[PDB]
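Visitor: Starting off with a structure, shown below.
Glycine gets a Cβ as well: all are built from the backbone with ideal geometry, and neighbour counts include every protein chain shown. Throughout, read-outs are computed from the coordinates displayed, never taken from laboratory work.
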Amino acid sequence: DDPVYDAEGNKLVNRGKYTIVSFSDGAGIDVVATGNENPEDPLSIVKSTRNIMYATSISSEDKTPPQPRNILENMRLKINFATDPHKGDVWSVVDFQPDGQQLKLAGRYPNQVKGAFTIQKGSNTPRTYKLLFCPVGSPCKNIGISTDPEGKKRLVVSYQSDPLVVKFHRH
């Protein structure tokens, strides 16, 4: 499969740090409390509405050596925050009642869905991609945005979600 390219046109490096940024508006990834969550202990991964853009390490899920030098499209991945305040926190999908499958920091909610993330070309515009979630033993779903009653742009997972198109900035 094709290697995924960063915004500068270089192949993504396996385990490298990149800043995922929304193509159409430049917003990055943020972690805030949504719903009944405590604002001092945010657990929701969202598209930022406050100019925050956290960097993430993107790694192949399979760690058996030799690991791929570059990230390829449709390759199973593990994504984790690379910097404070959530250094090392891993992205996970939680089948959140009654909202549905959404992205949350891993290890907090018990209802996590086993699976991995993958990347595919997101549009005709070069170096633009979309993220998918592929649960174990099930077809892959798109990752899109859903605005909650408080105005937070939650990252949700569904077959019908309009894919969030992003670019990867080397960080």
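Visitor: Do any of 63/153; 11/114; 17/153; 87/167; 87/152; 63/152 go past 26 Å between their Cα atoms, and which?
Guide: 63/153; 11/114; 63/152
Visitor: Right, another one. In whole Hz and in residue order, list the ³J(HN,Hα) couplings for the range 61-78 that follow from phi through the Karplus curve 6.51 cos²θ - 1.76 cosθ + 1.60, θ = phi - 60°; x for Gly and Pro.
Guide: For the range 61-78, the Karplus curve yields 5, 6, 9, 5, x, x, 6, x, 5, 10, 7, 10, 5, 6, 8, 5, 10, 10 Hz.
Visitor: Decide, for the range 23-93, between rounded, prolate and oblate: order the square roots of the alpha carbon gyration tensor eigenvalues as a ≥ b ≥ c, take rounded if a/c falls under 1.5, and otherwise choose prolate if a/b is larger than b/c, else oblate. List each step's numbers first, then the result.
Guide: Details: a/c = 2.51, a/b = 1.76, b/c = 1.42.
Judged from the Cα gyration tensor, the range 23-93 comes out prolate (a/c at least 1.5, a/b above b/c).
Visitor: Which residue, 139, 42, 126, tops the fluctuation ranking in a GNM of the chain built on C-alpha contacts under 10 Å?
Guide: Ranking 139, 42, 126 by mean-square fluctuation puts 139 first.
Visitor: Between residue 97 and residue 11, with labels modelled 7 Å along Cα→Cβ, what's the label distance in nm to one decimal, could you check?
Guide: 4.6
Visitor: Now for a separate question. Skipping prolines and chain starts, which residues have an amide H placed within reach, meaning under 5 Å, of the one on residue 55, given they are 5 or more residues away or on another chain?
Guide: 82, 83
Visitor: Moving on to the next point. ³J(HN,Hα) across the range 31-44 via Karplus (A = 6.51, B = -1.76, C = 1.60, θ = phi - 60°), whole Hz, x for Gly/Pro?
Guide: Residue by residue, the range 31-44 yields 10, 9, 8, 10, x, 9, 5, 7, x, 7, 9, x, 10, 9 Hz.
Visitor: On to the next question. Residues with amide H under 5 Å of residue 115's amide H, sequence separation 5 or more or different chain, H placed in the peptide plane at 1.01 Å from N; which?
Guide: Residues meeting the criterion, in which the H sits 1.01 Å from N, are 136.
Visitor: When a footprinting reagent is the concern and you count Cβ atoms within 10 Å, what order do 5, 18 take, fewest first?
Guide: By the 10 Å Cβ count, ascending: 5, 18.
Visitor: Okay, next question. Using each residue's phi in the range 8-21, evaluate 6.51 cos²θ - 1.76 cosθ + 1.60 at θ = phi - 60° and report the 3J(HN,Hα) Karplus result to the nearest Hz, with x for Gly and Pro.
Guide: Rounded to whole hertz, the list is 8, x, 9, 5, 5, 9, 4, 6, x, 9, 9, 9, 6, 10.
Visitor: Oh, and also: Using amide H atoms built 1.01 Å from N in the peptide plane, name the residues 5+ places from residue 72, or on other chains, whose amide H lies under 5 Å from its own.
Guide: HN-HN under 5 Å from residue 72: 4.
Visitor: Pick out, from 59, 31, 42, the residue whose Cα sits farthest towards the positive end of the charge dipole of the range 1-106, with +1 on the Cβ of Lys and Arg and -1 on the Cβ of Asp and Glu.
Guide: 59
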